[PDB]
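First the structure, in the form of structure tokens, and then the observations on it.
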Amino acid sequence: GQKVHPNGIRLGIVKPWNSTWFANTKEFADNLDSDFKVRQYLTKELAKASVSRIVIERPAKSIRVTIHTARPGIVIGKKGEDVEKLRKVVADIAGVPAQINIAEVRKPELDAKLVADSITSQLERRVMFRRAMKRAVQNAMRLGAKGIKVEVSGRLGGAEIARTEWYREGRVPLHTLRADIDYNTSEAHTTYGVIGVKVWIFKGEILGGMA
Amino acid sequence: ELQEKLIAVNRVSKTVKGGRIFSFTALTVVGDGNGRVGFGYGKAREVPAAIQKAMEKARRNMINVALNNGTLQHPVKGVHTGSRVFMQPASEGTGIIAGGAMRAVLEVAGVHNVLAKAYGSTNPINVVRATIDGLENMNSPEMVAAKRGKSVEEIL
Amino acid sequence: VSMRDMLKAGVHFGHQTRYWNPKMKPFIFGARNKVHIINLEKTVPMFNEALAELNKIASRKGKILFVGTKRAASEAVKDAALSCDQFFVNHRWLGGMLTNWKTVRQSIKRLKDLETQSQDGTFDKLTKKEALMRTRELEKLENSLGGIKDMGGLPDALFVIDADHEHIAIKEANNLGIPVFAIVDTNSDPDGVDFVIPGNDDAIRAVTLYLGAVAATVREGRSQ
RNA sequence: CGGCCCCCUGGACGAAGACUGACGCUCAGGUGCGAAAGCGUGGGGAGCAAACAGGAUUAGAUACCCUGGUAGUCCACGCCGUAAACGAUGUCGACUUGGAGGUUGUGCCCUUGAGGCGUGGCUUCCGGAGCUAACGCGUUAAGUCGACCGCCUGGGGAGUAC
RNA sequence: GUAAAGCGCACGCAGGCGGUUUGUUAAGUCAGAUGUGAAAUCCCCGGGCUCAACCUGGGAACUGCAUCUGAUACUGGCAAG
Ligand SMILES: [Mg+2]
Ligand SMILES: [Mg+2]
Ligand SMILES: [Mg+2]
Ligand SMILES: [Mg+2]
Ligand SMILES: [Mg+2]
Ligand SMILES: [Mg+2]
Ligand SMILES: [Mg+2]
Ligand SMILES: [Mg+2]
Ligand SMILES: [Mg+2]
Ligand SMILES: [Mg+2]
Ligand SMILES: [Mg+2]
Ligand SMILES: [Mg+2]
Ligand SMILES: [Mg+2]
Ligand SMILES: [Mg+2]
Ligand SMILES: [Mg+2]
Ligand SMILES: [Mg+2]
Ligand SMILES: [Mg+2]
Ligand SMILES: [Mg+2]
Ligand SMILES: [Mg+2]
Ligand SMILES: [Mg+2]
Ligand SMILES: [Mg+2]
Ligand SMILES: [Mg+2]
Ligand SMILES: [Mg+2]
Ligand SMILES: [Mg+2]
Ligand SMILES: [Mg+2]
Ligand SMILES: [Mg+2]
Ligand SMILES: [Mg+2]
Ligand SMILES: [Mg+2]
Ligand SMILES: [Mg+2]
Ligand SMILES: [Mg+2]
Ligand SMILES: [Mg+2]
Ligand SMILES: [Zn+2]
């Protein structure tokens with residue numbers, strides 16, 4: 001049975017959008033293409049900086065990109081230089097004055113994207129998958145997550161019959177829209193093909209709507 | 001200071017409607033090396049969970065045996081189901097002459113010089129139960145002296 | 001309690017001669033009208049010697065669990081426990097109440113969380129139907145663990161009414177080494193009771209006599 | 001071992017005594033008994049029924065089903081000596097918590113039939129400790145012991161060959 | 001009992017076993033002694049080949065057998081119950 005995307009089904013209930021600008025029907029597709037290119041460039045140039053999220057706002061005639069990362073120093077660079085270096089090329093890509101803000105993820109083991117990309121990086125450095133799975137789940141449960149499910153799928157260990165192995169610890173209620181579940185995916189490109197990792201992290205139900 | 005020891009790990013199975021489900025069972029022993037010994041048996045879906053389950057069970061029901069300078073008090077027989085163990089005190093430096101399942105139990109229990117032998121089935125669970133039952137029935141000169149109403153000197 | 005004090009309450013009464021247990025022969029005075037008669041000559045000293053032990057346990061800060069699941073005598077046993085600041089089980093006994101202590105602690109925590117949450121607030125944030133459902137769950141948890149929410153750990157002594165009816169409790173206790181004090185009718189098996197009181201376990205008057213005397217001696221043991 | 005009756009005859013049990021004074025237990029070889037089928041001789045023969053004869057059914061029926069039907073089943077005297085001949089549990093003795101029945105004796109007491117309190121024999125069913133691989137057995141043990149006998153030693157070959 | 005394994009059941013000779021008391025006997029049993037149990041080998045303490053293997057001194061052992069003198073609880077014999 002297929003499952004709805006747990007992030008998209010909670011949009012406007014407990015989860016916010018990653019793009020929060022307004023546009024009519026004539027500059028909408030242009031904006032989507034622009035910030036898709038922006039996100040692509042930023043994920044390519046910051047694959048080592050442990051970037052979790054890229055929020056993008058568009059004020060009147062500007063663009064503001066907030067980078068939610070776990071290693072702010074690496075993103076900024078010494079003397080506050082690399083941030084400006086990527087800010088000017090983001091302004092080139094978007095064709096509009098750009099701003100770059102940086103928000104630190106104080107607990108990386110509670111972010112779904114960071115856990116997933118860590119698992120995939122361990123996978124393509126040929127670490128045994130169950131080890132990384134268990135370590136991620138236990139690290140998340142130790143730092144106060146009320147539940148986590150980690151699922152790795154596709155030709156594990158370099159076999160010839162692909163299989164899917166998941167592991168849950170705690171309470172992860174997916175049918176509760178009120179629940180605040182961070183969900184992300186990632187892909188590891190091993191010499192035997194691509195392997196898909198999915199992470200759900202439950203952080204407690206939120207009472208009172210988006211506020 | 002409670003030395004633990006994994007004795008055996010078995011891969012049991014059970015066929016639910018669709019297919020087979022494999023579980024792991026762990027037989028382990030723990031002991032303080034000074035006359036307190038217990039065994040545990042755990043089942044789980046994965047091996048380390050089963051082993052740790054057995055570890056907690058082993059700590060519970062830790063019986064006390066009456067040792068005599070690191071060896072038994074007298075030759076003793078312990079029988080559980082098919083398994084039938086014979087244990088017998090030995091001199092210093094003899095070592096633990098016993099089979100595997102008996103070796104683990106005796107080494108964690110705190111004996112160092114015994115001569116053992118297992119007749120009948122050598123199934124680790126039953127052998128462990130047999131040797132623990134044999135160690136439990138061991139008497140001491142003071143125990144038997146108080147039991148019979150004599151003094152320890154009036155018996156030896 | 002004096003033999004006259006028991007006899008007026010009817011402590012000597014027992015089950016039918018058709019329904020008795022073999023080990024109870026020493027404690028049985030005889031039979032009348034096909035009814036087993038319990039001997040107060042054994043009942044009184046054993047109850048006194050049990051009261052001595054209960055006073056001792058309570059005088060070393062003991063936690064006492066009064067146990068009885070009779071639909072008639074549930075409130076009597078509950079009030080008996082309240083009169084001496086102790087813990088009780090008046091609703092049907094749950095298997096693993098003592099042996100599965102960890103699971104009870106989670107249930108105790110959930111009952112505490114719901115009552116604390118209602119005082120703290122956020123029931124307004126919950127939907128009106130949800131808030132009512134949470135109150136119903138809190139009531140169900142209280143009907144289940146009203147007596148042992150504040151027991152904290154495993155009790156130091158057990159008082160049991162109709163030990164045959166509550167046989168799971170005594171099996172657990174013996175498995176834990178927790179002493180059992182029990183009113184044992186002729187139909188019961190007395191092996192599980194370390195301080196056995198042979199007496200009627202149904203009659204409201206004699207049950208209340210047992211409970212009141214025990215509670216008076218427990219308060220006395222507490223007072224020092 | 002099954003109607004009833006007579007005649008001849010074996011064993012078991014109970015009550016109270018009297019008598020004998022270890023005369024006992026087990027038993028290789030040996031002897032006897034030993035369902036049914038079968039064999040020999042003669043008799044009998046209603047029903048039943050291997051074989052067989054038909055009628056059907058069926059791919060096939062040399063089976064199941066149907067109509068007949070001989071040996072046999074019955075009796076007498078011999079032979080055969082085998083069965084899942086089973087409680088799949090050798091015989092004898094002692095000891096070890098209970099409960100509910102059946103059957104057959106018997107003692108004593110109550111107003112007595114009725115009823116109550118005992119005490120034996122045999123027998124059926126639950127179940128405790130203990131035992132057992134488990135199922136289960138559990139005072140009629142598969143429990144705790146003793147005496148003697150029979151028997152077992154991977155499956156097949158084979159209970160076959162000689 | 002069901003894994004291989006209780007004769008289909010009985011009677012019964014040889015055989016194995018045998019309640020209880022006293023006396024006796026001394027066969028079994030037990031104790032001591034004497035004779036014998038070859039040497040080598042095995043084992044213990046030593047000695048000799050530079051060490052070891054090896055050689056070798058003394059002992060222990062050779063668990064046995066026969067005989068003599070005792071013991072008499074038990075088993076057997078005999079006698080009386
Ligand atoms: Mg769908
Ligand atoms: Mg074997
Ligand atoms: Mg005479
Ligand atoms: Mg014969
Ligand atoms: Mg015939
Ligand atoms: Mg013929
Ligand atoms: Mg004929
Ligand atoms: Mg003829
Ligand atoms: Mg016919
Ligand atoms: Mg035969
Ligand atoms: Mg028959
Ligand atoms: Mg047979
Ligand atoms: Mg018998
Ligand atoms: Mg009969
Ligand atoms: Mg039974
Ligand atoms: Mg027997
Ligand atoms: Mg058997
Ligand atoms: Mg063969
Ligand atoms: Mg033949
Ligand atoms: Mg067989
Ligand atoms: Mg037989
Ligand atoms: Mg005979
Ligand atoms: Mg004879
Ligand atoms: Mg004799
Ligand atoms: Mg003789
Ligand atoms: Mg001699
Ligand atoms: Mg010699
Ligand atoms: Mg030398
Ligand atoms: Mg020499
Ligand atoms: Mg010599
Ligand atoms: Mg004699
Ligand atoms: Zn009652």
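We name chains A, B, ... following the order of the structure tokens; residues begin at 1 in each chain, and ligands are numbered from 1 as shown.
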Please run DSSP on the backbone and report, as an MDAnalysis selection string, all residues within region 190-222 of chain C that come out as strand (DSSP E).
-> chainID C and resid 195:198
Restricting it to N, CA, C and O atoms, dump the selection as a compact mmCIF listing (two decimals), in the first residue's frame.
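out.txt was written with the following content:
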```txt
# COMPACT_ATOMS: atom_id res chain seq x y z
N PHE C 195 1.02 -16.11 57.18
CA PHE C 195 0.27 -15.89 58.40
C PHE C 195 -1.20 -16.06 58.04
O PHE C 195 -1.83 -15.13 57.53
N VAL C 196 -1.74 -17.25 58.28
CA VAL C 196 -3.05 -17.62 57.78
C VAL C 196 -4.10 -17.34 58.84
O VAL C 196 -3.95 -17.72 60.01
N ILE C 197 -5.16 -16.63 58.45
CA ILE C 197 -6.32 -16.44 59.31
C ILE C 197 -7.48 -17.24 58.73
O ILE C 197 -8.06 -16.85 57.71
N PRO C 198 -7.86 -18.36 59.33
CA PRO C 198 -9.04 -19.07 58.83
C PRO C 198 -10.32 -18.45 59.34
O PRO C 198 -10.57 -18.40 60.55
```
Mind listing the residues within 8 Å of ligand 6, only C-alpha atoms (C1' of nucleotides) and all ligand atoms counted, as a PyMOL selection string?
-> chain D and resi 38-39+71
How would the residues just chosen look if you wrote them out with N, CA and C atoms (P, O5', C5', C4', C3', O3' and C1' of nucleotides) as a PDB file, in the first residue's frame?
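Written file, out-v5.pdb:
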```pdb
ATOM      1  P     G D  38     -11.715 -71.691   6.612  1.00  0.00           P
ATOM      2  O5'   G D  38     -10.415 -72.605   6.597  1.00  0.00           O
ATOM      3  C5'   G D  38      -9.344 -72.319   5.716  1.00  0.00           C
ATOM      4  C4'   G D  38      -8.104 -73.096   6.070  1.00  0.00           C
ATOM      5  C3'   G D  38      -8.226 -74.605   6.057  1.00  0.00           C
ATOM      6  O3'   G D  38      -8.190 -75.149   4.753  1.00  0.00           O
ATOM      7  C1'   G D  38      -7.046 -73.928   7.981  1.00  0.00           C
ATOM      8  P     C D  39      -9.062 -76.446   4.396  1.00  0.00           P
ATOM      9  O5'   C D  39      -8.265 -77.636   5.083  1.00  0.00           O
ATOM     10  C5'   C D  39      -6.895 -77.850   4.784  1.00  0.00           C
ATOM     11  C4'   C D  39      -6.315 -78.976   5.595  1.00  0.00           C
ATOM     12  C3'   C D  39      -7.135 -80.247   5.659  1.00  0.00           C
ATOM     13  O3'   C D  39      -7.026 -81.030   4.488  1.00  0.00           O
ATOM     14  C1'   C D  39      -6.325 -79.721   7.811  1.00  0.00           C
ATOM     15  P     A D  71     -20.887 -76.762   0.750  1.00  0.00           P
ATOM     16  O5'   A D  71     -19.355 -76.490   1.084  1.00  0.00           O
ATOM     17  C5'   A D  71     -18.346 -77.400   0.677  1.00  0.00           C
ATOM     18  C4'   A D  71     -16.973 -76.796   0.809  1.00  0.00           C
ATOM     19  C3'   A D  71     -16.519 -76.476   2.221  1.00  0.00           C
ATOM     20  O3'   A D  71     -15.998 -77.610   2.891  1.00  0.00           O
ATOM     21  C1'   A D  71     -16.081 -74.632   0.810  1.00  0.00           C
TER      22        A D  71
END
```
Once you count only C-alpha atoms (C1' of nucleotides), which residues of chain C turn out to be within 12 Å of chain D? Could you give them as a list in words?
-> residues 18, 19, 20, 21, 22 and 23 of chain C
Same residues, N, CA, C and O atoms, saved as a tab-separated table (two decimals), in the first residue's frame:
```tsv
chain	number	residue	atom	x	y	z
C	18	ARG	N	-20.08	-29.88	51.57
C	18	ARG	CA	-19.85	-30.36	50.18
C	18	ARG	C	-18.58	-29.70	49.64
C	18	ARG	O	-17.83	-30.39	48.92
C	19	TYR	N	-18.34	-28.43	49.96
C	19	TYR	CA	-17.19	-27.70	49.35
C	19	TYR	C	-16.11	-27.33	50.37
C	19	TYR	O	-16.17	-26.20	50.90
C	20	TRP	N	-15.15	-28.23	50.65
C	20	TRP	CA	-14.01	-27.87	51.49
C	20	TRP	C	-12.69	-28.32	50.87
C	20	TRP	O	-12.65	-29.15	49.96
C	21	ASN	N	-11.59	-27.78	51.41
C	21	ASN	CA	-10.23	-28.12	50.90
C	21	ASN	C	-9.52	-29.01	51.93
C	21	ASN	O	-9.65	-28.72	53.13
C	22	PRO	N	-8.71	-30.02	51.53
C	22	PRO	CA	-8.12	-30.98	52.48
C	22	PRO	C	-7.23	-30.44	53.61
C	22	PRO	O	-7.34	-30.95	54.71
C	23	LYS	N	-6.39	-29.44	53.34
C	23	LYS	CA	-5.43	-28.94	54.36
C	23	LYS	C	-6.15	-28.19	55.48
C	23	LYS	O	-5.50	-27.90	56.50
```
Find the spatial neighbours of residue 26 (chain B), counting only C-alpha atoms (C1' of nucleotides), within a cut-off of 9 Å - ignore same-chain residues fewer than 6 positions away - and output them as a list in words.
->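 Residues meeting the cut-off are residues 6, 7, 8, 9, 10, 40, 41, 42, 43, 44, 47, 48, 50, 51, 52, 53, 54 and 55 of chain B.
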Only C-alpha atoms, please: the residues just picked out, written as a compact mmCIF listing (two decimals), in the first residue's frame.
```txt
# COMPACT_ATOMS: atom_id res chain seq x y z
CA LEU B 6 27.37 -16.76 26.13
CA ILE B 7 26.91 -20.51 25.82
CA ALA B 8 24.83 -21.01 22.70
CA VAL B 9 22.83 -19.25 19.99
CA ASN B 10 20.17 -21.21 18.10
CA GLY B 40 19.30 -17.42 31.34
CA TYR B 41 17.51 -18.19 28.10
CA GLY B 42 16.19 -15.48 25.81
CA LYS B 43 14.31 -15.31 22.53
CA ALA B 44 14.11 -12.42 20.09
CA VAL B 47 20.63 -12.02 18.01
CA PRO B 48 21.87 -9.21 20.31
CA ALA B 50 18.06 -12.25 22.50
CA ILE B 51 21.51 -12.26 24.12
CA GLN B 52 20.78 -9.26 26.31
CA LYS B 53 17.37 -10.70 27.24
CA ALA B 54 19.13 -13.87 28.37
CA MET B 55 21.65 -11.75 30.31
```
Any idea what's packed within 10 Å of region 132-144 of chain D, counting only C-alpha atoms (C1' of nucleotides), ignoring anything in its chain fewer than 4 positions away? Could you give it as JSON, numbers by chain?
-> {"B": [81, 82], "D": [89, 95, 96, 122, 123, 127, 128], "E": [1, 2, 3]}
Using only C-alpha atoms, which chain A residues lie at most 12 Å away from chain C, written as a short mmCIF file (atom, residue, chain, number, x, y, z; two decimals) with N, CA, C and O atoms, in the first residue's frame?
```cif
data_model
loop_
_atom_site.label_atom_id
_atom_site.label_comp_id
_atom_site.auth_asym_id
_atom_site.auth_seq_id
_atom_site.Cartn_x
_atom_site.Cartn_y
_atom_site.Cartn_z
N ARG A 178 -2.20 16.10 13.23
CA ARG A 178 -1.69 16.99 14.27
C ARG A 178 -0.24 16.68 14.63
O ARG A 178 0.45 17.56 15.15
N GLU A 205 3.06 15.78 19.16
CA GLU A 205 1.92 16.44 18.56
C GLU A 205 1.90 17.91 18.95
O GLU A 205 2.28 18.28 20.06
N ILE A 206 1.45 18.75 18.02
CA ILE A 206 1.41 20.19 18.21
C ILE A 206 -0.04 20.62 18.34
O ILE A 206 -0.86 20.36 17.45
N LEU A 207 -0.36 21.28 19.45
CA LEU A 207 -1.72 21.69 19.75
C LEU A 207 -1.87 23.19 19.49
O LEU A 207 -1.14 24.00 20.07
N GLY A 208 -2.82 23.54 18.63
CA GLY A 208 -3.07 24.92 18.31
C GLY A 208 -2.79 25.32 16.88
O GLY A 208 -2.52 26.50 16.62
N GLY A 209 -2.84 24.38 15.94
CA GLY A 209 -2.69 24.75 14.54
C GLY A 209 -1.27 25.15 14.21
O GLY A 209 -0.32 24.79 14.91
N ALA A 211 0.13 27.92 14.53
CA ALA A 211 0.70 28.75 15.59
C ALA A 211 1.17 27.90 16.76
O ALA A 211 2.14 27.15 16.64
#
```
Region 145-148 of chain C environment, 10 Å, only C-alpha atoms (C1' of nucleotides), sequence neighbours closer than 3 positions dropped, as a list in words = residues 65, 66, 78, 81, 82, 86, 87, 88, 89, 90, 91, 104, 105, 107, 108, 111, 139, 140, 141, 142, 151, 152, 153, 154 and 155 of chain C
Using only C-alpha atoms (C1' of nucleotides), find which residues of chain B lie within 12 Å of chain D and jot them down as a PDB file with N, CA and C atoms, in the first residue's frame.
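Now in selection01.pdb:
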```pdb
ATOM      1  N   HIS B  80      18.997 -33.749  34.388  1.00  0.00           N
ATOM      2  CA  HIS B  80      17.821 -33.009  33.858  1.00  0.00           C
ATOM      3  C   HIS B  80      17.434 -33.640  32.517  1.00  0.00           C
ATOM      4  N   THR B  81      16.215 -34.179  32.408  1.00  0.00           N
ATOM      5  CA  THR B  81      15.767 -34.862  31.160  1.00  0.00           C
ATOM      6  C   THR B  81      16.802 -35.918  30.756  1.00  0.00           C
ATOM      7  N   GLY B  82      17.195 -35.944  29.478  1.00  0.00           N
ATOM      8  CA  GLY B  82      18.228 -36.888  29.004  1.00  0.00           C
ATOM      9  C   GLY B  82      19.594 -36.621  29.614  1.00  0.00           C
ATOM     10  N   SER B  83      19.974 -35.349  29.769  1.00  0.00           N
ATOM     11  CA  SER B  83      21.338 -35.006  30.252  1.00  0.00           C
ATOM     12  C   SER B  83      21.592 -35.530  31.671  1.00  0.00           C
ATOM     13  N   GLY B 120      24.403 -39.162  28.335  1.00  0.00           N
ATOM     14  CA  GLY B 120      23.102 -38.904  27.759  1.00  0.00           C
ATOM     15  C   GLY B 120      23.156 -37.754  26.769  1.00  0.00           C
ATOM     16  N   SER B 121      22.031 -37.061  26.648  1.00  0.00           N
ATOM     17  CA  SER B 121      21.963 -35.915  25.758  1.00  0.00           C
ATOM     18  C   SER B 121      22.947 -34.840  26.194  1.00  0.00           C
ATOM     19  N   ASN B 126      19.687 -28.362  28.508  1.00  0.00           N
ATOM     20  CA  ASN B 126      19.491 -29.405  29.502  1.00  0.00           C
ATOM     21  C   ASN B 126      20.771 -29.699  30.264  1.00  0.00           C
TER      22      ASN B 126
END
```
Expected answer as a ChimeraX atom specification: residues within 10 Å of ligand 24, only C-alpha atoms (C1' of nucleotides) and all ligand atoms = /E:18-20,74-76
Expected file: the selected residues, N, CA, C and O atoms (P, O5', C5', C4', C3', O3' and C1' of nucleotides), as a PDB file, in the first residue's frame:
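Contents of again_17.pdb, as written:
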```pdb
ATOM      1  P     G E  18      19.227 -65.117  50.010  1.00  0.00           P
ATOM      2  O5'   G E  18      17.842 -65.277  50.765  1.00  0.00           O
ATOM      3  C5'   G E  18      16.953 -64.179  50.887  1.00  0.00           C
ATOM      4  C4'   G E  18      15.576 -64.635  51.287  1.00  0.00           C
ATOM      5  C3'   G E  18      15.459 -65.258  52.664  1.00  0.00           C
ATOM      6  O3'   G E  18      15.321 -64.261  53.661  1.00  0.00           O
ATOM      7  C1'   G E  18      14.276 -66.558  51.061  1.00  0.00           C
ATOM      8  P     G E  19      15.100 -64.639  55.200  1.00  0.00           P
ATOM      9  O5'   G E  19      13.536 -64.458  55.417  1.00  0.00           O
ATOM     10  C5'   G E  19      12.920 -63.195  55.232  1.00  0.00           C
ATOM     11  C4'   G E  19      11.796 -62.969  56.214  1.00  0.00           C
ATOM     12  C3'   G E  19      12.185 -62.925  57.682  1.00  0.00           C
ATOM     13  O3'   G E  19      12.680 -61.658  58.073  1.00  0.00           O
ATOM     14  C1'   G E  19      10.277 -64.296  57.402  1.00  0.00           C
ATOM     15  P     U E  20      13.915 -61.541  59.089  1.00  0.00           P
ATOM     16  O5'   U E  20      13.379 -62.205  60.429  1.00  0.00           O
ATOM     17  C5'   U E  20      12.448 -61.530  61.257  1.00  0.00           C
ATOM     18  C4'   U E  20      12.026 -62.392  62.418  1.00  0.00           C
ATOM     19  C3'   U E  20      13.149 -62.925  63.288  1.00  0.00           C
ATOM     20  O3'   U E  20      13.611 -61.984  64.232  1.00  0.00           O
ATOM     21  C1'   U E  20      11.662 -64.677  62.771  1.00  0.00           C
ATOM     22  P     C E  74      23.710 -61.662  62.820  1.00  0.00           P
ATOM     23  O5'   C E  74      23.931 -61.571  61.250  1.00  0.00           O
ATOM     24  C5'   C E  74      23.504 -60.435  60.520  1.00  0.00           C
ATOM     25  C4'   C E  74      24.089 -60.422  59.134  1.00  0.00           C
ATOM     26  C3'   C E  74      23.888 -61.687  58.323  1.00  0.00           C
ATOM     27  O3'   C E  74      22.601 -61.775  57.747  1.00  0.00           O
ATOM     28  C1'   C E  74      26.132 -60.997  58.148  1.00  0.00           C
ATOM     29  P     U E  75      21.820 -63.171  57.763  1.00  0.00           P
ATOM     30  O5'   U E  75      22.473 -63.982  56.565  1.00  0.00           O
ATOM     31  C5'   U E  75      22.374 -63.510  55.234  1.00  0.00           C
ATOM     32  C4'   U E  75      23.166 -64.367  54.286  1.00  0.00           C
ATOM     33  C3'   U E  75      23.036 -65.866  54.466  1.00  0.00           C
ATOM     34  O3'   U E  75      21.838 -66.408  53.948  1.00  0.00           O
ATOM     35  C1'   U E  75      25.299 -65.325  54.218  1.00  0.00           C
ATOM     36  P     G E  76      21.210 -67.719  54.623  1.00  0.00           P
ATOM     37  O5'   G E  76      22.304 -68.845  54.371  1.00  0.00           O
ATOM     38  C5'   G E  76      22.552 -69.325  53.063  1.00  0.00           C
ATOM     39  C4'   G E  76      23.639 -70.367  53.043  1.00  0.00           C
ATOM     40  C3'   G E  76      23.415 -71.591  53.904  1.00  0.00           C
ATOM     41  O3'   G E  76      22.503 -72.514  53.349  1.00  0.00           O
ATOM     42  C1'   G E  76      25.611 -70.839  54.207  1.00  0.00           C
TER      43        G E  76
END
```
Within 8 Å of region 149-154 of chain A using only C-alpha atoms (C1' of nucleotides), minus same-chain residues under 4 positions, as an MDAnalysis selection string = chainID A and resid 129 133 137 162:169 172 194:201
Restricting the output to C-alpha atoms, write the selected residues as an mmCIF file, in the first residue's frame.
```
data_model
loop_
_atom_site.group_PDB
_atom_site.id
_atom_site.type_symbol
_atom_site.label_atom_id
_atom_site.label_comp_id
_atom_site.auth_asym_id
_atom_site.auth_seq_id
_atom_site.Cartn_x
_atom_site.Cartn_y
_atom_site.Cartn_z
ATOM 1 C CA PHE A 129 23.608 -0.953 6.267
ATOM 2 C CA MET A 133 20.483 2.164 10.496
ATOM 3 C CA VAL A 137 17.852 5.297 15.168
ATOM 4 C CA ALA A 162 16.791 -6.088 -3.912
ATOM 5 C CA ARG A 163 14.945 -5.945 -0.601
ATOM 6 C CA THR A 164 13.646 -3.325 1.818
ATOM 7 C CA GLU A 165 14.586 -3.261 5.503
ATOM 8 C CA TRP A 166 13.081 -0.805 7.970
ATOM 9 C CA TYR A 167 13.439 -0.267 11.700
ATOM 10 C CA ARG A 168 11.149 1.716 13.986
ATOM 11 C CA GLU A 169 11.718 2.759 17.588
ATOM 12 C CA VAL A 172 5.535 7.411 14.856
ATOM 13 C CA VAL A 194 21.151 3.304 -6.222
ATOM 14 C CA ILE A 195 19.881 2.697 -2.682
ATOM 15 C CA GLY A 196 17.009 4.690 -1.193
ATOM 16 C CA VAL A 197 16.833 5.803 2.434
ATOM 17 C CA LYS A 198 13.729 7.245 4.108
ATOM 18 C CA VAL A 199 13.613 8.766 7.595
ATOM 19 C CA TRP A 200 10.559 9.653 9.685
ATOM 20 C CA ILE A 201 11.149 11.479 12.984
#
```
Name all residues at most 12 Å from residue 59 (chain E) (count only C-alpha atoms (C1' of nucleotides); drop same-chain ones fewer than 5 positions away) and give them as a list in words.
-> residues 43, 44, 45 and 46 of chain E
CA of residue 25 (chain C) and CA of residue 185 (chain C) are how many Å apart?
->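 One can read the CA of residue 25 (chain C) to CA of residue 185 (chain C) distance as 11.5 Å.
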Residues within 8 Å of ligand 11, counting only C-alpha atoms (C1' of nucleotides) and all ligand atoms, as an NGL selection string | :D and (35 or 85-86)
Please identify the residues whose atoms come within 9 Å of ligand 26, using only C-alpha atoms (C1' of nucleotides) and all ligand atoms, and report them as number ranges by chain.
-> E: 30-32
Emit the selected residues as a PDB file, in the first residue's frame, including N, CA, C and O atoms (P, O5', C5', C4', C3', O3' and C1' of nucleotides).
```pdb
ATOM      1  P     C E  30      36.700 -60.373  52.654  1.00  0.00           P
ATOM      2  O5'   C E  30      37.038 -60.013  54.160  1.00  0.00           O
ATOM      3  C5'   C E  30      36.330 -58.988  54.831  1.00  0.00           C
ATOM      4  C4'   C E  30      36.676 -58.958  56.293  1.00  0.00           C
ATOM      5  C3'   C E  30      38.154 -58.968  56.615  1.00  0.00           C
ATOM      6  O3'   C E  30      38.762 -57.704  56.471  1.00  0.00           O
ATOM      7  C1'   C E  30      37.057 -60.540  57.973  1.00  0.00           C
ATOM      8  P     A E  31      40.306 -57.621  56.061  1.00  0.00           P
ATOM      9  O5'   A E  31      41.069 -57.920  57.420  1.00  0.00           O
ATOM     10  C5'   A E  31      40.844 -57.122  58.567  1.00  0.00           C
ATOM     11  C4'   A E  31      41.571 -57.676  59.761  1.00  0.00           C
ATOM     12  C3'   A E  31      43.011 -58.081  59.525  1.00  0.00           C
ATOM     13  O3'   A E  31      43.897 -56.981  59.544  1.00  0.00           O
ATOM     14  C1'   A E  31      41.908 -59.790  60.703  1.00  0.00           C
ATOM     15  P     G E  32      45.218 -57.003  58.640  1.00  0.00           P
ATOM     16  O5'   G E  32      46.209 -57.953  59.441  1.00  0.00           O
ATOM     17  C5'   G E  32      46.603 -57.629  60.763  1.00  0.00           C
ATOM     18  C4'   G E  32      47.260 -58.795  61.453  1.00  0.00           C
ATOM     19  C3'   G E  32      48.419 -59.441  60.722  1.00  0.00           C
ATOM     20  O3'   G E  32      49.624 -58.714  60.830  1.00  0.00           O
ATOM     21  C1'   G E  32      46.991 -61.117  61.544  1.00  0.00           C
TER      22        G E  32
END
```
